[PDB]
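Residue numbers (the numbering used here), protein chains in the order written: chain A, 1 to 270; chain B, 1 to 159; chain C, 1 to 186; chain D, 1 to 208; chain E, 1 to 252.
Virtual Cβ for every residue (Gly too), placed ideally from N, Cα, C.
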Amino acid sequence: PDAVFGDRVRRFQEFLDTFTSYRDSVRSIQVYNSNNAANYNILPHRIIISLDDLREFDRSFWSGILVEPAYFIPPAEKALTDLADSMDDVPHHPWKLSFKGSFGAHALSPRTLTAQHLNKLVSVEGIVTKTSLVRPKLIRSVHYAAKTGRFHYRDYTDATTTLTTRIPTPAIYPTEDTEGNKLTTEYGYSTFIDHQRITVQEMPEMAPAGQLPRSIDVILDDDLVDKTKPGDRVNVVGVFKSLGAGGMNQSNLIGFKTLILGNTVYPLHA
Amino acid sequence: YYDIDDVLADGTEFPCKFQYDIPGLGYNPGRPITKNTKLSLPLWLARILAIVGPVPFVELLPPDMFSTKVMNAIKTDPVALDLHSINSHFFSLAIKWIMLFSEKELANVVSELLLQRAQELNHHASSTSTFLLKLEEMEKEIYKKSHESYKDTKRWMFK
Amino acid sequence: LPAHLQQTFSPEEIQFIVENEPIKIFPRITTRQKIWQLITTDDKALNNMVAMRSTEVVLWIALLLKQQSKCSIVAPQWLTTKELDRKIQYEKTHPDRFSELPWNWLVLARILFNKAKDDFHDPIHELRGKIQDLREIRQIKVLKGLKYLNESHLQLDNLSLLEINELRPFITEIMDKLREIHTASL
Amino acid sequence: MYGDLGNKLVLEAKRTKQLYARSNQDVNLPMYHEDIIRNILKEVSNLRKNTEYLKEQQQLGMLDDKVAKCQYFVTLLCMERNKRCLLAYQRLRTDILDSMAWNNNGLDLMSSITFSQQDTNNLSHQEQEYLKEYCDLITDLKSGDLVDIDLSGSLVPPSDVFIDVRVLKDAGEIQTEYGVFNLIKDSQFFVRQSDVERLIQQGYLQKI
Amino acid sequence: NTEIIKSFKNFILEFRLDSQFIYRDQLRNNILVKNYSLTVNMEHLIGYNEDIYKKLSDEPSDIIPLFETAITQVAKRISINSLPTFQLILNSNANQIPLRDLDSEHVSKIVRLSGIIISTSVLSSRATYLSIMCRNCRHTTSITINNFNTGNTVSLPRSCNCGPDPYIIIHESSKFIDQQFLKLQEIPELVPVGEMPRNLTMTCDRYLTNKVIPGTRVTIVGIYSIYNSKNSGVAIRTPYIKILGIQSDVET
Numbered sequence: 001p002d003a004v005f006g007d008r009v010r011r012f013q014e015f016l017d018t019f020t021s022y023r024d025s026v027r028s029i030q031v032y033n034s035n036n037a038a039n040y041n042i043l044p045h046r047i048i049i050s051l052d053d054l055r056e057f058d059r060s061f062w063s064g065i066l067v068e069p070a071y072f073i074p075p076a077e078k079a080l081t082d083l084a085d086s087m088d089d090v091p092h093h094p095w096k097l098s099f100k101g102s103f104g105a106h107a108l109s110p111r112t113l114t115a116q117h118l119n120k121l122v123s124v125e126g127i128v129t130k131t132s133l134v135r136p137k138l139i140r141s142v143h144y145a146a147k148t149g150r151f152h153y154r155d156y157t158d159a160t161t162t163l164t165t166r167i168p169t170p171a172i173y174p175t176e177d178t179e180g181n182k183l184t185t186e187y188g189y190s191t192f193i194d195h196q197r198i199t200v201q202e203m204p205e206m207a208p209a210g211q212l213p214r215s216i217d218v219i220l221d222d223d224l225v226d227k228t229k230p231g232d233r234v235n236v237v238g239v240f241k242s243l244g245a246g247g248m249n250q251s252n253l254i255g256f257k258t259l260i261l262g263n264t265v266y267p268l269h270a
Numbered sequence: 001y002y003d004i005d006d007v008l009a010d011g012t013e014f015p016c017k018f019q020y021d022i023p024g025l026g027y028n029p030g031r032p033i034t035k036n037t038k039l040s041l042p043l044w045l046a047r048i049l050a051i052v053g054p055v056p057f058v059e060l061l062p063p064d065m066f067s068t069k070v071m072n073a074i075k076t077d078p079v080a081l082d083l084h085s086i087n088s089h090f091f092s093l094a095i096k097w098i099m100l101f102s103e104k105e106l107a108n109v110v111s112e113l114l115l116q117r118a119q120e121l122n123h124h125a126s127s128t129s130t131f132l133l134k135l136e137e138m139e140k141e142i143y144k145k146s147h148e149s150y151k152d153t154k155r156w157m158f159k
Numbered sequence: 001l002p003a004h005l006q007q008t009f010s011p012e013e014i015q016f017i018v019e020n021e022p023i024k025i026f027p028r029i030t031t032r033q034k035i036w037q038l039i040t041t042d043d044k045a046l047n048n049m050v051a052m053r054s055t056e057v058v059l060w061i062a063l064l065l066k067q068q069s070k071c072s073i074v075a076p077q078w079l080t081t082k083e084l085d086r087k088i089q090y091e092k093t094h095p096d097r098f099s100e101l102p103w104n105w106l107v108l109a110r111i112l113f114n115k116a117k118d119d120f121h122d123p124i125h126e127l128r129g130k131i132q133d134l135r136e137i138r139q140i141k142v143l144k145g146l147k148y149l150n151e152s153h154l155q156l157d158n159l160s161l162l163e164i165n166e167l168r169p170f171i172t173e174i175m176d177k178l179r180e181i182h183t184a185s186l
Numbered sequence: 001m002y003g004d005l006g007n008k009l010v011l012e013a014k015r016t017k018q019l020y021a022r023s024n025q026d027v028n029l030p031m032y033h034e035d036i037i038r039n040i041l042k043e044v045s046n047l048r049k050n051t052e053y054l055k056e057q058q059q060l061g062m063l064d065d066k067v068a069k070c071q072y073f074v075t076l077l078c079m080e081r082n083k084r085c086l087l088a089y090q091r092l093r094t095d096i097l098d099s100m101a102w103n104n105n106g107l108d109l110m111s112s113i114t115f116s117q118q119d120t121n122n123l124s125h126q127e128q129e130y131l132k133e134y135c136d137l138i139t140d141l142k143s144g145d146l147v148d149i150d151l152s153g154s155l156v157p158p159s160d161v162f163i164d165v166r167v168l169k170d171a172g173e174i175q176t177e178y179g180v181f182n183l184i185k186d187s188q189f190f191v192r193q194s195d196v197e198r199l200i201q202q203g204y205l206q207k208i
Numbered sequence: 001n002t003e004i005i006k007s008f009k010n011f012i013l014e015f016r017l018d019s020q021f022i023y024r025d026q027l028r029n030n031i032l033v034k035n036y037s038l039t040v041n042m043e044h045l046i047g048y049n050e051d052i053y054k055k056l057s058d059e060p061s062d063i064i065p066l067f068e069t070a071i072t073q074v075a076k077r078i079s080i081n082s083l084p085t086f087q088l089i090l091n092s093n094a095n096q097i098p099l100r101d102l103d104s105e106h107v108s109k110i111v112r113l114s115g116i117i118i119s120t121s122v123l124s125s126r127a128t129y130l131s132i133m134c135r136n137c138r139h140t141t142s143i144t145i146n147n148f149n150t151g152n153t154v155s156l157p158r159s160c161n162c163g164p165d166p167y168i169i170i171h172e173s174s175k176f177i178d179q180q181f182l183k184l185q186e187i188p189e190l191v192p193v194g195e196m197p198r199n200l201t202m203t204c205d206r207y208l209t210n211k212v213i214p215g216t217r218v219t220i221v222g223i224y225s226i227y228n229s230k231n232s233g234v235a236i237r238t239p240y241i242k243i244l245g246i247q248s249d250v251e252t
């Protein structure tokens, strides 16, 4: 990595004192992970950040997030975890963000999208309409050989990662190290997360004259699984990613499906 | 007051509570008005009762028009924010609120909202718009004073 | 009670002011004498003209005599394809200034081109090409000069008379609301 | 429901300011709204009925009470609030009657009682006698200047001394001052701008 | 390709009717509102020059994407950072071609017609300017597509040897536009006494989306083009009209 990450992590270390109330709530998560171990021998790792001190610290970083979020969230991702280690050193894992938001000018209802609002933080609302099912998903695989001792490792991430894009690894089955070995896939020690795609359309009360509704489909991951029933009035915040190939890879009409990689799915009652 | 924009600004309501006890209400139940009762008063009335009273009659609690929600929504994007939905009038009221309170932290916010909507009534006054719906009723005077001046210059230059 | 606009000049009262400034003509009626007279109040000379010898009259008479073709409006010093090119290349290399305009900038480019279009050197794509080009360079710096307005002071060093009578009711109605906030908070 | 009639008279008046504003004249002033006036004037008779009611009782039962001085300080105010809504309305209706006597009355007519302001019903009895005296105040001014007799019209600057004037469908051969015109329908002229401005305003000769 | 920009760049700057010239006042008032288009009346092209319209009438698919870059070199003579490619919207009135007689001769020719719109579709995304990196070499590049002829006419290359098509599209730095996919039915007063009313499917670009409700009477000026998907014959294509400029009536 560059200095482009380098100064960028350092400025998110000045975000622990001006609004140090966020540094209080990290310990409260570390409280319930100890006192549950005191009864046996629940809380997620998601920190609600108001998008309100960022106007009062740096206007060139607050307007940075709402324009190109694939370059400022993964820096602020790793900056939070090292502060989530140095304060809490007793026990021996993403630590995601939320963005409460103080909702900006990207407050667009799902009828007005897709044109210049790619790669931004939209705040879409509406009525949920499909509610698909839950399946697990592989992230890390730890192999183990018992003829030479040591464990092993394999990262594996899909195109629906946290925010960015990298070289896609179609890792079916990592086996057969540089020896004569029959490697073993340790379950339990590996990691798995949940995955659920729901589709949301616009509200029929704020609709225009008689037409068909236009829906948009949002991916939820790592925390918000089984949060809303179908047929609820839901406000969602995410990043308007757009993945897939538009028929240019298969050497041969329509193309480029769009998704939202949601964070805060926040039920409303109005 | 001979101006009609000045008379209409007084009719707004403000959530202000009492301090004393009064045996009479021109508005109905229980003519002794008990103290620590909260009412909404017109600004022609709760503007002279906040001074004359050392304790005055009316406490004059702050409204939602200047709450922290509105004061945070106008620091993000002053262009595409509604001002015809709050009540209807903003600049004729937020001047009156400053004089009866003397706050130096509101006058550095309205003086930046006013510049950012100023720069986009000179662009849209060059002769298909939604900016007739989300303008402030104090700005719809200078929009019809500007757009009918560029029109009478572009008319004269070509026959 | 005028009651139409009542605080600005309407742009038919701007062609009334520019028509009081003198230019030169090449007359075609002598009336000098050899050895009945124009006796107006405000000019009262130049009864004595010679055929094709330059003299200097006020501008509102020299539009009366062009309609009958007894005169010919000469060009000023600025209606020149060699002179307006310096006043354009000044504007690109100095993004803060206004280059220079003889203060009848737009108005004398209208009353001359409609009425007197036989006396220049090729107005087709040589003078209406530059004058519209010099009005669109100039109307950028006015638009960038309004993000910087304050409540005490402003400088507008060299602007014409018609680029101001479209800009008064915007500025003096906004800067009267930036005055009543800074002094109401004190 | 205490000064609500102030907010119904004022918003009624804001309509007439925006029929004068953009492009059109305010020929046909709408109406004198009088039923909302009588409802306002009933309440200021009622609010006088209480301030004399407390005047006897403050000399017998209250005996100069400071809490009782608040009712003199509140019922004074609603007299002001309905005074201001009743002067903002009848000044706004005055200046349009000031402009209409200043553009198209006394202009090549020299005594125009009828034939102009064709309503004569939307004005009250008091606003119809204010106007008729005001037009005699104008003719005092045009008799002591002699810049021009009836200096009223033509605030357009003069240009192009000889104009073309086309008759739009109004016969009569009416004019006698500065010569007869022998006016026939649809026949255009070449006359100077001094003699037609007294007829171009009557809706009588269409072209400039 | 060469110098046909300058024969059009002088058309925008120098076209002028009697007193007030239009295409430097329609280009300036469509930037302050942030509208980013232009409307060329097609009679004013052939009055100014006939050699320009001779090229545009013969081969329109290769020259209208040359006029779109001749506008965006003029809008940098007025504004002085992000100015996209402008869009060209044109309209005219020669003679309507009825919807029934569209032969095999009108392939890639400017054609106007009329009808009633049945249905619309949901919006989509087409790519204009995308960024590619190789998986092994990691040699970055940038392909900018501007022409529109629906499936694939410009694709990824095969080498910067390396493998079959080693290229990846990166989704973090690109630009996208919209498409609309209408359908259009002929007017029932040109009655098919023994036939059913036919229909065609159009496309629309970025600034004509969401303009027309189903059930109106429109007049449509476009390029009658062809595309060869298999979504029933041998070497069979399918027809469709690439709309550039929908002149609807008053909507009423």
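- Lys182(A) and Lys130(A) have their C-alpha atoms roughly 43 Å apart.
- DSSP places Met110(D) outside both helix and strand once states are collapsed to three, so it counts as coil.
- Within chain E, the residues whose beta carbon sits less than 8 Å from that of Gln132(C) are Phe21, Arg24, listed in sequence order.
- Here the C-alpha atom of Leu107(D) lies approximately 43 Å from the C-alpha atom of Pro76(C).
- With contacts defined by Cβ atoms closer than 8 Å, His143(A) and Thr184(A) form a contacting pair.
- When Cβ pairs closer than 8 Å are counted between the two stretches, the segment 122–142 of chain A is seen to touch the segment 222–239 of chain A, the count reaching three or more.
- Taking a Cβ-Cβ cut-off of 9 Å, the neighbours of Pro2(C) in chain D comprise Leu155, given in sequence order.
- Using a Cβ distance threshold of 8 Å, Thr153(B) and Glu13(C) do not count as a contacting pair.
- One thing to note: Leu130(E) has its Cβ no nearer than 8 Å to the Cβ of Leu88(E).
- Any Cβ of chain A closer than 8 Å to the Cβ of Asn36(B) would place that residue at the interface, and such an atom is absent.
- For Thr184(A), the three-state secondary structure derived from DSSP is strand.
- When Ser124(E), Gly151(E), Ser108(E), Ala94(E) are compared, the shortest CA-CA separation from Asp58(E) is found for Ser108(E).
- At a Cβ-Cβ threshold of 8 Å, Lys183(E) and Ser232(E) do not count as neighbours.
- Sorting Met206(A), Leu51(A), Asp88(A) by C-alpha distance to the C-alpha of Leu97(A) places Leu51(A) at the top.
- If only complete runs of 4 or more residues are kept, the segment 42–86 of chain C shows the alpha helix (DSSP H) at 64–67, in order along the chain.
- Contact between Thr8(C) and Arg168(C) holds, since their C-beta atoms are separated by about 5 Å, short of 8 Å.
- Taking C-beta atoms as the reference points, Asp232(A) and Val128(A) count as a pair closer than 8 Å.
- Cβ neighbours of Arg154(A) within its own chain (closer than 8 Å, five residues either side excluded): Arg140, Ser141, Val142, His143, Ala171, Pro174.
- In this structure, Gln180(E) lies away from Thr219(E), with their beta-carbon atoms at least 8 Å apart.
- Taking a cut-off of 8 Å for Cβ pairs, the segment 110–127 of chain B and the segment 135–147 of chain C touch, as three or more such pairs fall below it.
- By the Cβ neighbour-count rule, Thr150(E) is buried, with 16 or more other Cβ atoms within 10 Å of its own.
- Less than 8 Å separates the beta-carbon of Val221(E) from that of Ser92(E).
- For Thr68(B), the enclosing alpha helix (DSSP H) stretches over residues 68–76.
- Within the segment 72–142 of chain E, the runs of beta strand (DSSP E) that reach at least 3 residues and sit entirely inside it are, in chain order, 88–91, 110–117, 126–134.
- Taking C-beta separations shorter than 8 Å and ignoring five residues to either side along the sequence, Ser21(A) has no partners in its chain.
- With its beta carbon at least 8 Å from every one in chain D, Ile51(B) lies outside the interface.
- With a beta-carbon spacing of about 26 Å, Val156(D) and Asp186(D) fall beyond the 8 Å limit used to define contacts.
- Contact annotation: in the segment 94–106 of chain D, residues whose CB is within less than 8 Å of a CB in chain C are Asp95, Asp98, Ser99, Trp102.
- Nearest in C-alpha terms to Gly210(A), of all of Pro214(E), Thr209(E), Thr203(E), is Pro214(E).
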